[PDB]
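Peer 1:
4 protein chains.
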Amino acid sequence: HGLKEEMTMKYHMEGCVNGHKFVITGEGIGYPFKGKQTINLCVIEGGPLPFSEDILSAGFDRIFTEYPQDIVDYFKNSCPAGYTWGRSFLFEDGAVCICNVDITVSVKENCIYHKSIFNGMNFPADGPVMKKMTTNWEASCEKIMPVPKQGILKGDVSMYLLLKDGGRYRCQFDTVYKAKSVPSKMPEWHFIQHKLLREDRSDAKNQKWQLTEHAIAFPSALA
Amino acid sequence: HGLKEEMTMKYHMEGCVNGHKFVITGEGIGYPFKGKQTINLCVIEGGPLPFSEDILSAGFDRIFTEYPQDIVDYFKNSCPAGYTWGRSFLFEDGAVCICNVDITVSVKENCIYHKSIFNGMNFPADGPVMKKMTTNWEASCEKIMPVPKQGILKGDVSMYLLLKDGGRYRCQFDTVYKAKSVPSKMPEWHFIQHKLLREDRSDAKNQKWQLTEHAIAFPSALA
Amino acid sequence: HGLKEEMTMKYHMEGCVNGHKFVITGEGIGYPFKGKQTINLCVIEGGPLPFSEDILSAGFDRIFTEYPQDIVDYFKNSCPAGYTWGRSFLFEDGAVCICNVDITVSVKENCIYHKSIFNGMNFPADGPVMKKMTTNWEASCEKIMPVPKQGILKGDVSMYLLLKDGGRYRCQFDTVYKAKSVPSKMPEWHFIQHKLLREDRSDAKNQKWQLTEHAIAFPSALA
Amino acid sequence: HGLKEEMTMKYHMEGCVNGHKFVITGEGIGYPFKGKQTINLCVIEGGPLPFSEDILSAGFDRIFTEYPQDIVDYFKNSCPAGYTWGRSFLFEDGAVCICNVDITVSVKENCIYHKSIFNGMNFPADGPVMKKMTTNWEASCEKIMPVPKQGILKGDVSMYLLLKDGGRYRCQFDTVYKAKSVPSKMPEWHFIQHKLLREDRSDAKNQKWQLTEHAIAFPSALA
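Chains as they are written, first to last, in UniProt numbering: chain A, 6 to 64, 67, 69 to 231; chain B, 6 to 64, 67, 69 to 231; chain C, 6 to 64, 67, 69 to 231; chain D, 6 to 64, 67, 69 to 231.
1. Does any residue of chain B have a CB that is nearer than 8 Å to the CB of C:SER228?
2. Near A:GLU50, which residues of its chain fall below 8 Å by C-beta distance, leaving aside the five closest residues on each side in sequence?
3. Tell me the residue span of the beta strand (DSSP E) that contains C:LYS26.
4. Taking Cβ positions only, does C:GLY175 come closer than 8 Å to chain A?
5. Just curious, the alpha helix (DSSP H) that A:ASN85 is in, first and last residue?
6. Between which two residues does the beta strand (DSSP E) carrying D:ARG176 extend?
7. Considering only C-alpha positions, which residue in the set A:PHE181, A:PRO191, A:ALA63, A:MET18 is nearest to A:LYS157?
8. Any beta carbon of chain A sitting closer than 8 Å to that of C:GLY102?
9. Measuring only the C-alpha atoms, how far is D:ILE224 from D:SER189?
10. For a minimum of 3 consecutive residues, which ranges assigned as the beta strand (DSSP E) are wholly contained in the segment 91-178 of chain A?
11. For B:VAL109, count the other beta carbons within 10 Å of its own beta carbon; 16 or more makes it buried, fewer makes it exposed. Which is it?
12. Looking at the secondary structure, which residues open and close the beta strand (DSSP E) in which B:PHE67 lies?
13. Where do the ends of the beta strand (DSSP E) carrying residue 3 of chain C lie?
14. Can you find a CB in chain D that lies within less than 8 Å of the CB of A:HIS222?
15. Does DSSP put C:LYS213 in a helix, a strand or coil?
16. Between the segment 140-153 of chain C and the segment 190-209 of chain C, can you find at least three pairs of beta-carbon atoms closer than 8 Å?
17. Quick check on C:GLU10: does DSSP put it in helix, strand or coil?
18. Thinking C-alpha only, which one of A:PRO37, A:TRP145, A:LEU219 is nearest A:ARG209?
19. How would you write the range of the beta strand (DSSP E) that A:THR43 sits in, first residue to last?
20. Do B:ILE120 and B:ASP81 have their C-beta atoms within less than 8 Å of each other?
21. Hey, would you say C:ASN118 sits closer than 8 Å to C:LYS9, going by beta carbons?
22. Run down chain A in chain order and give the residues with a C-beta less than 7 Å from the C-beta of residue 68 of chain B.
23. Considering only DSSP beta bridges, list what A:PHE226 is partnered with.
24. Below 8 Å between beta carbons is the criterion; list the residues of the segment 19-36 of chain A that meet it against any residue of chain B, in chain order.
25. Does A:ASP81 have its Cβ less than 8 Å from a Cβ in chain D?
26. What residues of chain A sit near D:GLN201, judged by a beta carbon separation below 7 Å?
27. Excluding the five sequence neighbours on either side, which residues of its own chain have a C-beta within less than 7 Å of the C-beta of D:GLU207, listed in chain order?
28. When DSSP builds the beta bridges, which residues end up paired with B:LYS15?
29. Whose CA, out of C:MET129, C:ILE160, C:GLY135, lies closest to the CA of D:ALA133?
30. If I'm right that B:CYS107 touches B:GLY64 with Cβ under 8 Å, what's the distance once you round it to whole angstroms?
31. Counting only Cβ-Cβ distances shorter than 9 Å, please list the residues of the segment 141-152 of chain D near chain A, keeping chain order.
32. By the criterion of Cβ-Cβ separation under 7 Å, what are the contact partners of C:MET129 in chain D?
33. Inspect the beta-carbon positions of D:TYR168 and D:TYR91 and report whether they are closer than 8 Å.
34. Buried or exposed for D:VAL104, going by 16 or more other Cβ atoms inside 10 Å?
Below you can see the structure in the form of structure tokens.
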């Protein structure tokens, strides 16, 4: 579908969180069929961010999911034209974010482009996000489900951002995934398990960090 | 504060709802001290809109609130520099929107400028917003609360959008209002009642409409 | 309708909060047409309660609401047979309660009886409820709406429990009110403003407290 | 822990849903180490129920979960004294239920006893629960999390009840699990996948049905 075992990618995110504007760019290398990716981000406007970077992590691609042969891979089937997705983030302390992403494969470059718009508000000044008290998202299991009359998928995952003191901070992710062309095949409902990690790489020059994700699709374990 | 009994205003909104991009411009006339306004909107890009216009109505100014003398008017006080606000809209069927607005008074024009960004997603294709089945918002009572030590306000109002068949469709609004300069005076908590009405004005050529709002601040009725 | 200007009432509540069982009895005197009541509660089983007594307050009667003559008084019209109500309490930190109440007028004794079942859970051990850090609910405005063709009302109020440190703790109330017998008349939607106050009266032998409420119904102030 | 390869169980549930009171009794057989159970329910008061029986299904035991040897089994370690649990059910259309269950093993009888109290409200008259339009819960993945320093667990699962017309009706479950004796060992966080199936067995004398469940615990799939 215009894809190879190893690919590069590019990222552009513009956002506003609690009224703070920012632009982030980045690049990475991934293995679409192994569901693995490693990416490096740099805050080119609005740095240093007054809020935890961890809230942005999921806003930077389900092409990078190891799918078994007997589950339709809606995301690779959408390539190379690609797909768009929209996601709401509902945090336990009343904060709300929305992210929209447009994904396109460049077959000429073997490179997957990502353009994001990220908007969020109502993070309490004294909460773990504005106080930068977060460390990493916990590993998760997302439910993926088809909307057959519409040729789109929905995702549903209850997420936990782990805190410096050892506590957890919950966020409900609800996602709509939409191929750019009408799919011939639709998957049945299944799960995707994720593990996403951040490592800071900031220095005198820029705020920057590395994200790594490993994702695998699974059917229900029950016969 | 650079305000007069009668003023004009200008509106620019850019947004995206369920992946549909659009731009809307507008102008009107209002009476700040009476808490009354009438505005006319024009869809300039992305029309006709594939969703109900009603979801957008509150995204286009608490300066137009009648305040009694013994309640601090945070919004008028913030003039002529103005203020900003951010709102989440949580609909009963899972849809989520976020709107950010920047408001500033041109004393030389006697005009209030409003620039807004509206994003929304997860409106069901068969729901009243996508099927354009709504008529008007019901009149409402918003609670306004000061945030101690941050010089900002929060707003909380449970809204109902009335449907062509006599139903109601609920949306929870949560707002943060922030003056561009530190306030010297902060209000105690109070209510604001609103009545917001839409009248279509669409050609065979163009999508356009008028909005009127009347808003009044009140303390608790129980003494 | 079996009602007088001054009446007595009786209360029996059984409940479980965070797995703690309790039984509470009470009595009071009220003024139905003036919207005022004072009641006295005594924990006869499960005392002293390991949670804030304030969560229980709204679980012990809209008969005690001053209605203007131009709004239908559904609650008084249901008497003397009475009415039942069911309410969910959704707290900002994830705690959830439900309460069900059965209300009947005894004309022989000029006394309104209240039988309630209160269930709640997921109050965090470190939170204001389990640490008894609450003082009183802030005054409120509830929206009351008729349900076309079911002979019932729905109430919607966003409540705030004031904290010892001066903070607020939010809870969303959603109520279903159901006259025992079919009403001849239904109200249009309106507001009810409430003010509810608690005074501790515990002694050497029982946990005890007094509650007072004043409630008045109003149309929209904008017509 | 007083457990055997094959065991029997007894149930008693008392409840009220939208004001309708009921009593259910039941009996089953199960295989704790294989995570399988089959139970038969009989409505002994308040039959036939005016709501879908499917909302009750999860209210009738995590002892019945196939556990990896390398994950601490909180539930079997609590036996034979047993454990209790509380759960909130937040449906997408605003209905709310709470269930509390007390579980205990009779070693003499090789029998697991369950006593439940189920209360729910705000199911819309025209919704799939009151219109009995549901067929079965879809198979799920619950996240199970230890609570540091309290010796309890929390469960979080986003559940979907399948409808006759092929649609889905969403419910968020949040559970608190509490061993009767303070545990010496706590598990790390993990998943439990479930599949729960209902078959109606109603005759002219009683409303009756069968439930089967298969549940397996898993760690995160990712390294």
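Here a beta-carbon is modelled for each residue, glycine too, at the ideal position from N, C-alpha and C.
Peer 2: So, from the data block:
1. yes
2. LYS26, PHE27, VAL28
3. 25-36
4. no
5. 82-85
6. 176-187
7. A:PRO191
8. yes
9. 24 Å
10. 91-99, 104-114, 119-129, 142-145, 148-155, 160-171
11. buried
12. Run containing B:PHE67: none; DSSP gives neither H nor E here.
13. Residue 3 of chain C lies beyond the range of chain C shown here (6 to 231); nothing can be said about it.
14. yes
15. coil
16. yes
17. coil
18. A:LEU219
19. 41-50
20. no
21. yes
22. Between 67 and 69 the numbering of chain B has a gap, and residue 68 of chain B falls inside it, with no coordinates.
23. A:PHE199
24. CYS21, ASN23, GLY24
25. no
26. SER228, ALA229, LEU230
27. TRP217, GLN218
28. B:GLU32, B:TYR121
29. C:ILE160
30. 4 Å
31. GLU146, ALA147, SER148, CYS149, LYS151
32. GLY94, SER96, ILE106, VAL184
33. no
34. buried
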